[PDB]
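Here's the letter readout for the chains.
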Amino acid sequence: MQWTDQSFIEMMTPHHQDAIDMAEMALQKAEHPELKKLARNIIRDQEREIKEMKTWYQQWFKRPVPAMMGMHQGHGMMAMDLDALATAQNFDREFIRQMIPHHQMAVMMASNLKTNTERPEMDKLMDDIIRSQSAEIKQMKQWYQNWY
Ligand SMILES: [Cu+2]
Ligand SMILES: [Cu+2]
């Protein structure tokens, strides 16, 4: 029903990781230059966000971020598939196919936590995640239509 600051960070940290791995693969495997630029931005932003959340987590809860089970498909965690990306005939298509719902997931988590948090740090972070990742979705949707 409702995320807390702690639970959000615990779930979002692993989720930001799979995205980064997808984006790192794009640096070499992407076909369109538009996509490599998006990938450099995703890496930059999401790694910066991971760091802020990890710092905040230690400050507020007096422990590092807890590492349950690993992140992968089959459990409704809405995780991604790096193997399928690497083997796809059309890299950019498969990247966009997987990244859009993954981005939408983050936007929805952010919007929800934004109604539950009292912390200005999280409010600010949620704002940026929503705004930045919604524009990235909009870019990817347009590119997908043009290319395919
Ligand atoms: Cu994820
Ligand atoms: Cu499993």
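Residues numbered from 1 in each chain as written, not as in the entry; some residues may be left out. Chains lettered and ligands numbered in written order. Heavy atoms only, no water. Residues with missing side-chain atoms left out of burial classes, pairs and counts.

The deposited coordinates derive from X-ray crystallography, with the record listing a resolution of 2.0070 Å.

Looking now at the overall build of the protein chain. The helix and strand inventory of the protein chain stands at five helices and zero strands. Counting from the amino terminus, the protein chain carries its helices and strands in the arrangement α-α-α-α-α. Since a compact globule built from 148 residues should have a radius of gyration of about 15 Å, the 16 Å found for the protein chain is in line with a globular shape. The dimensions of the protein chain, computed from C-alpha atoms along their principal axes, are 45 × 30 × 25 Å. (Helix = DSSP H or I, 4+ residues; strand = E, 2+ residues; numbered from the N terminus. Rg over C-alpha atoms; globule rule 2.2 N^0.38 Å.)

Turning our eyes to something else, we now look at the pattern of salt bridges. Inspection of the entire model under this criterion finds six salt bridges. The partner of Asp45 in a salt bridge is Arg48, and the shortest N-O contact between them spans 2.9 Å. Of this pair, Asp45 and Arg48 both sit in helix α2 (residues 33-61), three residues apart, roughly one helical turn. Residue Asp45 is classed as buried on the basis of its relative accessible area of 18%. The network of salt bridges with common partners includes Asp45, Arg48 and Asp128. (Salt bridge = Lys/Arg side-chain N within 4 Å of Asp/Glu carboxyl O. Buried < 20%, exposed > 50% of the residue type's maximum accessible area, 1.4 Å probe, protein only.)

This part takes up the coordination of the copper ion (ligand 1). Around the copper ion (ligand 1), the donor atoms from the protein are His15 (ND1), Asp18 (OD) and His102 (NE2), and they sit 1.8 to 2.2 Å away. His102 carries the same exposure label as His15, and that label is buried. (Donors = N, O, S within 2.8 Å, 3.2 Å for Na, K, Ca; no water.)

Right, let's get into the coordination of the copper ion (ligand 2). At the metal site, the copper ion (ligand 2) is ligated by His72 (NE2) and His75 (NE2), and these contacts range over 2.5 to 2.6 Å. Residue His72 is classed as partly exposed on the basis of its relative accessible area of 40%.

Its 29 residues give α2 an end-to-end C-alpha distance of 42 Å, which sits within 8% of 42 Å, the value for a rise of 1.5 Å per residue. A positive backbone phi angle near 65 degrees is found at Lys62, which sits one or two residues after α2. (Expected span 1.5 Å × (residues − 1).)

Turning to the packing of aromatic side chains, a few remarks are in order. Enumeration according to the criterion identifies seven aromatic pairs in this entry. One aromatic cluster is present, formed by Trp56, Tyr57, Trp60 and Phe61 through successive ring pairs. The positively charged end of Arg119 is found above the aromatic ring belonging to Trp60, 4.1 Å away from the centroid. (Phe/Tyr/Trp six-rings, centres within 6.5 Å; stacked < 30°, edge-to-face > 60°. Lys NZ or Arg CZ within 6 Å of the ring centre and 35° of its normal.)

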